[PDB]
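A single chain, nothing else alongside it, follows as structure tokens in the form solved without the named molecule.
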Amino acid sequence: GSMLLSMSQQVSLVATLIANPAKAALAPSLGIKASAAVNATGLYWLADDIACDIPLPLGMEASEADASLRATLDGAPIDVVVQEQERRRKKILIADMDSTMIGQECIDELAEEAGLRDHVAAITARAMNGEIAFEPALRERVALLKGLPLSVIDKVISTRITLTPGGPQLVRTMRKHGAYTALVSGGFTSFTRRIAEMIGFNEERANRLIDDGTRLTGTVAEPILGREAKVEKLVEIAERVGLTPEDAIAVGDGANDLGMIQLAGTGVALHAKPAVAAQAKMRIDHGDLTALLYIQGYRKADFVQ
């Protein structure tokens, strides 16, 4: 009950090392080596060979620990995050869909059905990197879908969309612990409704393709939801659940996710290209979506299996 200890708990940092479970290279010896590299108070395994917490000695800047740990692990596929230990477990998740919760870009997959995958995918890549603004890029790409029959959506969904590893476990585990989870996308409601329910999200919010009753018109419902719409949705969710954006973890891979990534108390650039990852305070380049559970301090024993 010491106030001296209690204040120390607030300025207390912890580093977390995280591997992909499919390339689980965080060996016990490596974790000890890393913890010695930062004069750690301790070393706590969240998942054998996959993730460990390394409490940092008080007074060490987070930037120092990050450099030290990345040096010790250089050349190993192990991610590094540093944060305050208090309030690392969040009660809101907000997650992008395309190339984040799913392996594909829904717009590029639909473009294949128009014989224009490569053309559209090149635009998608520049939009994801920040070289073109999202809304005009979305309009340009969707215009090339004009005339596709509505049956093509379920075809794409059923046959070409796959869930990113760790996604259901991430969503279901935070829900087990009382968190509210939302799938937000610059993509399309016809995809996010199905994906959200496969994974287990509480809600979804995305753009909407316009149709004439049988075929796509090649346009999107006005107004188009982009970077600010993701920020506004995080604000809306937090107010509605009686919290603030500091109580949320946000994750995405693209330039238009950086608003919600930067507003959230924990913002994660997941497998992002360098220009996007440079603008997030946390990056996961190797782990899968279970990395976000380890970020929050969950042990594998806490997971919904």
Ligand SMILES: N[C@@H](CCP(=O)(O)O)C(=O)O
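A residue's number is simply how far along the shown sequence it sits, counting from 1.
What comes next is about the form deposited with the named molecule bound, which does not appear here.
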**Message:** Counting 3 or more ligand atoms within 2.4 Å of any backbone or C-beta atom as blocked, would the named molecule, superposed onto this chain from where it sits in the deposited complex, find the site open or blocked?
**Reply:** open
**Message:** Whether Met97, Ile107 and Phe134 jointly form a contact site for the named molecule in the deposited complex is the question; each needs a heavy atom within 4.5 Å.
**Reply:** yes
**Item:** 4.5 angstroms heavy atom contact with the named molecule in the deposited complex for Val81
**Value:** no
**Prompt:** Within a 4.5 Å heavy atom cut-off, is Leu209 in contact with the named molecule in the deposited complex?
**Reply:** no
**Prompt:** Counting only non-hydrogen atoms and a 4.5 angstroms cut-off, does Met128 reach the named molecule in the deposited complex?
**Reply:** yes
**Message:** Since only the chain is shown here, I'm wondering whether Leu138 would be in contact with the named molecule in the deposited complex (any heavy atom pair within 4.5 Å).
**Reply:** yes
**Prompt:** Just one of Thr124, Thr173, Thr164, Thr72 has a heavy atom within 4.5 Å of the named molecule in the deposited complex. Which one?
**Reply:** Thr124
**Request:** Given that the partner is absent here, state which listed stretch (83-91, 186-194, 156-164, 216-224) has heavy atoms within 4.5 Å of the named molecule in the deposited complex.
**Result:** 186-194
**Prompt:** Can you tell me which residues in 205-237 come within 4.5 angstroms of the named molecule in the deposited complex, by heavy atoms?
**Reply:** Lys230
